S.K.: 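First the structure, then my questions, so here it is.
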Amino acid sequence: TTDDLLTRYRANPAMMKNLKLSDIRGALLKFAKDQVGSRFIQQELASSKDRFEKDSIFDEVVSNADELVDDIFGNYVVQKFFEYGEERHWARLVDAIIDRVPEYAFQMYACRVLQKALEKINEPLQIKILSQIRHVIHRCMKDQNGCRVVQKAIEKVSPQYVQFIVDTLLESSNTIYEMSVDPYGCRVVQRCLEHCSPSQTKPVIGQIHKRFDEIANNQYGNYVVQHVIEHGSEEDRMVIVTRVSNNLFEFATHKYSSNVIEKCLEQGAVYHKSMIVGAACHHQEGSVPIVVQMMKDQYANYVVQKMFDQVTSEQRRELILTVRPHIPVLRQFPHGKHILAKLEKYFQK
RNA sequence: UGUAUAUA
Ligand SMILES: [Cl-]
């Protein structure tokens, strides 16, 4: 009749008016794994202002932790006790699940409990959770679920305590490549770039530079490179802008690497933009200047447009004096009218 | 005219 109870309450939730948490004492597991009972627990926890009601079920939560954390409805019940305002309970709760954290990190509901704990609890408990992640970190970083736990770790824990995550990006020669071209691993790389110290990220970026071409034009790798441009050193931007400038047409005409140039133009210094415009207007002795060839391309026309929006009036004037002759012919090409229309603002001198 | 992340 525990089951009949929850049938009663799915029928007449009016009969849940006068019902409090301490009353389901003993039936917590059935309630928390039920859609209606889980909502009752959650709502009661959020509206009760009686600490002793909430404490009365806590021992049942701690005892059934392992069965609630990867349950479709139970995982919410567990997360409610990782709230700000239940801090007396964080340690007991972390202890109920610590030994199975290497499994929970891969599971689609329990990994939400781990992300909540990392969001709310204090640094020693965070580190205690991370200590278990160490055991599975490489598989975890590439997992659809585990990578969110790792990303959350990186946002919420001080840089020094995720050195082992950086050390995992640098495990082997090709690990940074393998992660950058992986749909989940690449988010971990990006989180590291945004939040680790420059001493931590320097060997990461250096690994990225070694296979820069391949990562830049990868559907996930290009966002890794974009993050390097934004969070890397001035010497990284110089190395990157020097490379794209030397190969401006090749990077500009590929689907993924063309976003890399756009990022250089948005983050780059006047000196950086000058290299890119300078490469774009180079009078290649027997062919059209590559800024005109770029405007004929399916991806690179978005790049030329980014130059006009991002460079200095002086530099823009070099673009205009280079592109003005070819405007007849450019209107012919696919979308050439739309491409030049969006540029009309600049050619009405 | 061109790109990405797990719950009722
Ligand atoms: Cl290497």
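Just so you know, these numbers use all the heavy atoms, side chains as well, and skip hydrogens, waters and symmetry mates. Residue numbering restarts at 1 for every chain, and letters A, B, ... go by the order of the sequence lines.
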S.K.: How long is the line joining CD of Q79(A) and P of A8(B), in whole Å?
M.R.: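 Taking CD of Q79(A) and P of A8(B), I get 13 Å after rounding.
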S.K.: Side chain of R187(A) only, heavy atoms from C-beta on: which candidate in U1(B), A6(B), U5(B) is closest?
M.R.: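 It is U5(B).
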S.K.: Please check the phosphate of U3(B) (OP1 and OP2 only) for any side-chain N or O of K255(A) closer than 4.0 Å.
M.R.: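 So the side chain of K255(A) is within the cut-off, an N or O lying under 4.0 Å from OP1 or OP2 of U3(B).
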S.K.: Is there, by distance only and without an angle test, a donor paired with an acceptor across the side chain of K296(A) and the base of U1(B) below 3.5 Å?
M.R.: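 No, no donor-acceptor pair under 3.5 Å.
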S.K.: Choosing from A8(B), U5(B), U1(B), which nucleotide comes nearest the side chain of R39(A)?
M.R.: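 Looking only at side-chain atoms, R39(A) lies closest to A8(B).
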S.K.: Assess whether salt bridge (charged side-chain N to carboxylate O under 4.0 Å, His left out) is satisfied between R39(A) and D34(A), documenting all intermediate values.
M.R.: CA-CA 8 Å; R39(A) 291 180 157 143; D34(A) 174 84; over 6 Å; no
S.K.: Where the side chain of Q115(A) is concerned, which of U3(B), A8(B), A6(B) is the nearest nucleotide?
M.R.: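 For the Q115(A) side chain, the nearest candidate turns out to be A6(B).
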S.K.: Out of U3(B), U5(B), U1(B), which has the shortest distance to the side chain of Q151(A)?
M.R.: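 It is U5(B).
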S.K.: Start with the C-alpha distance between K116(A) and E119(A), add both sets of side-chain angles, then the distance that settles salt bridge (charged side-chain N to carboxylate O under 4.0 Å, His left out), and finish with yes or no.
M.R.: CA-CA 5 Å; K116(A) 192 72 163 285; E119(A) 175 68 33; over 6 Å; no
S.K.: Could you check how far CD of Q35(A) sits from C1' of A8(B), rounded to whole Å?
M.R.: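 Distance, rounded to whole Å: 5 Å.
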S.K.: Under 6.0 Å from the ring centre and within 45 degrees of the ring axis: does the NZ or CZ of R139(A) meet both conditions for the six-membered ring of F106(A)?
M.R.: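 Geometry flag: set, cation within 6.0 Å and 45°.
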S.K.: Check this one for me: any side-chain N or O of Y223(A) less than 4.0 Å away from OP1 or OP2 of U3(B)?
M.R.: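 No.
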S.K.: What nucleotide, of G2(B), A6(B), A8(B), holds the atom closest to the side chain of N145(A)?
M.R.: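 The listed nucleotide nearest to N145(A)'s side chain is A6(B).
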S.K.: Indicate, with a heavy-atom threshold strictly under 4.0 Å, whether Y302(A) touches base, sugar-phosphate, or nothing.
M.R.: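 Since a base atom lies under 4.0 Å of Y302(A), the category is base.
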S.K.: Over how many whole Å does the gap from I215(A) atom CD1 to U3(B) atom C1' extend?
M.R.: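 Rounded to whole Å, this separation is 17 Å.
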S.K.: Take the protein atom CD of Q42(A) and the nucleotide atom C1' of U7(B), then report the distance between them rounded to whole Å.
M.R.: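 For the pair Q42(A) CD and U7(B) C1', the rounded distance is 11 Å.
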S.K.: Can you check whether any acceptor in the base of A6(B) is under 3.5 Å from a donor in the side chain of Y109(A), or vice versa?
M.R.: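 Answer is no: no donor-acceptor pair is held.
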S.K.: Check the distance between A6(B)'s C1' and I72(A)'s CD1 and give it to me in whole angstrom.
M.R.: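 So the CD1-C1' distance, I72(A) to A6(B), works out to 13 Å.
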S.K.: In whole angstrom, give the distance that lies between atom CD of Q107(A) and atom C1' of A6(B).
M.R.: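 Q107(A) atom CD is separated from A6(B) atom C1' by 12 Å.
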S.K.: Regarding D143(A), tell me which of base, sugar-phosphate or nothing describes its non-hydrogen contacts under 4.0 Å with the strands shown.
M.R.: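 No contact.
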S.K.: With a 3.5 Å cut-off and heavy atoms only, can you find an N or O donor on one side and an acceptor on the other between the side chain of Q305(A) and the base of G2(B)?
M.R.: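 When only heavy-atom distances are counted, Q305(A) does not reach the base of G2(B) through any donor-acceptor pair under 3.5 Å.
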S.K.: Taking atom types as they are modelled, would you say the side chain of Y76(A) forms a donor-acceptor pair with the base of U7(B) within the 3.5 Å cutoff?
M.R.: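 Check passes, donor-acceptor contact within cut-off.
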S.K.: Would you state whether a donor and an acceptor, one from the side chain of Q190(A) and one from the base of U5(B), lie under 3.5 Å apart?
M.R.: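 Such a pair does not exist between side chain and base.
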S.K.: Just checking, any donor-acceptor pair under 3.5 angstrom between side chains of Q207(A) and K210(A)?
M.R.: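 Yes, side-chain donor-acceptor contact under 3.5 Å.
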S.K.: Taking the six-membered ring for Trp, are the ring centroids of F58(A) and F81(A) within less than 6.0 Å of each other?
M.R.: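 Close enough - the centres of the two rings lie under 6.0 Å apart.
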S.K.: Under 4.0 Å, heavy atoms only, any strand: does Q144(A) hit a base, just the sugar-phosphate, or nothing?
M.R.: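 Sugar-phosphate contact only - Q144(A) comes under 4.0 Å of backbone atoms but never of a base.
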S.K.: Taking the side chain of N259(A) as its heavy atoms from C-beta onward, which of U3(B), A6(B), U5(B) lies nearest to it?
M.R.: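 Looking only at heavy atoms from C-beta outward on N259(A), the closest nucleotide is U3(B).
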S.K.: Which one, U7(B), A4(B), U5(B), comes nearest to the side chain of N75(A)?
M.R.: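 Taking heavy atoms from C-beta onward, the closest nucleotide is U7(B).
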S.K.: Rounded to whole angstrom units, what separation is found between the CZ atom of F106(A) and the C1' atom of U7(B)?
M.R.: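 In whole Å, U7(B) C1' and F106(A) CZ are 18 Å from each other.
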S.K.: What is the separation between atom CG on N222(A) and atom P on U5(B), rounded to the nearest whole Å?
M.R.: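 My rounded result for the distance is 13 Å.
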S.K.: For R100(A), does the CZ atom sit with more than 12 other heavy atoms under 6.0 Å from it, leaving out its own atoms?
M.R.: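 Counting neighbours around CZ of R100(A), 12 or fewer heavy atoms of other residues, nucleotides or ligands fall under 6.0 Å, so no.
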